[PDB]
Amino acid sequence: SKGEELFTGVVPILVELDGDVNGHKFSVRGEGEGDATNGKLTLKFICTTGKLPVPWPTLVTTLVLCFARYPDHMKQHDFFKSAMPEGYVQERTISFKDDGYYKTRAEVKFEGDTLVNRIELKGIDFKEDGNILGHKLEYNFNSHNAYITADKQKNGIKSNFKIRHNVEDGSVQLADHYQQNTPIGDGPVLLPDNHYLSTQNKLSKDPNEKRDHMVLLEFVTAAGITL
């Protein structure tokens, strides 16, 4: 696609999330950069409203799939870049087993030289003293893969995948994601054959940062279509 040309190099990223979970209002701002040539993303996120009232790991998937590395033989299946620079809407429901759910709406698009992900998140039905409101999840993130399918009726893609969040007591908290993406513009996009994205996330802290924050390194690689 033409949009892929915008991703030859490292591109600055801005992420802005406004959230409301069981009426708890919070905001997150992230900045960093991404390189689709190796699928590498590096960002630092800060909660600008104080302590983040949900666990950082539960926001990773919400907080830019246009930076996935699509191998040469798969570039005709990269919807995310094909929608750029005008961008796409990414919507999810994320259902936490035995607990509440998030609904998210985001726009991912260029503003100048910078790729911006701006999200509104609503969480409801979370349990008092549960893993989410109680912050009982380990500060880590399991590698995972997520399958992408075309949604030709909406000129977009859809994906369903589960995230396993480790709980402090050794149990697992599943987060079942249902995702839809649709282009913002009316130009042609690439609707893919079935494939998957392979994602790894390293979560860390900045020793000099006093605010509640998350340093994230992510690799995202497309796979599942042989030459």
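Throughout, we count residues from 1 along the sequence that is shown.
Missing residues between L63 and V64 in the deposited sequence, please: none, 1 to 3, 4 to 9, or 10 or more.
1 to 3 residues lack coordinates between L63 and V64.
Give the stretch, out of 174-182 and 52-60, with the larger mean C-alpha temperature factor in the deposited entry.
So the stretch with the higher mean C-alpha B-factor is 174-182.
Mean Cα B factor from the PDB record: higher for 14-22, or higher for 207-215?
Going by the record's values, the stretch with the higher mean is 207-215.
Please pick out which of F110, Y101, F80, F141 has the largest Cα B-factor as recorded in the entry.
The C-alpha B-factor peaks, among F110, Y101, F80, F141, at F141.
Of the options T114, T149, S95, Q90, which has the highest CA B factor as deposited?
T149 has the highest C-alpha B-factor of those listed.
How does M74 rank on Cα B-factor within its chain, lowest, middle or highest third?
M74: CA B-factor falls in the highest third of its chain.
In terms of the chain's CA B-factor thirds, is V28 lowest, middle or highest?
Lowest third of the chain for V28's C-alpha B-factor.
Against its chain's modelled residues, does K44's Cα B factor rank lowest, middle or highest third?
Lowest third - that is where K44 ends up once the chain's C-alpha B-factors are sorted.
State the tercile, meaning the lowest, middle or highest third, of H165 with respect to the CA B-factors recorded for its chain.
According to the entry, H165 has a C-alpha B-factor in the chain's lowest third.
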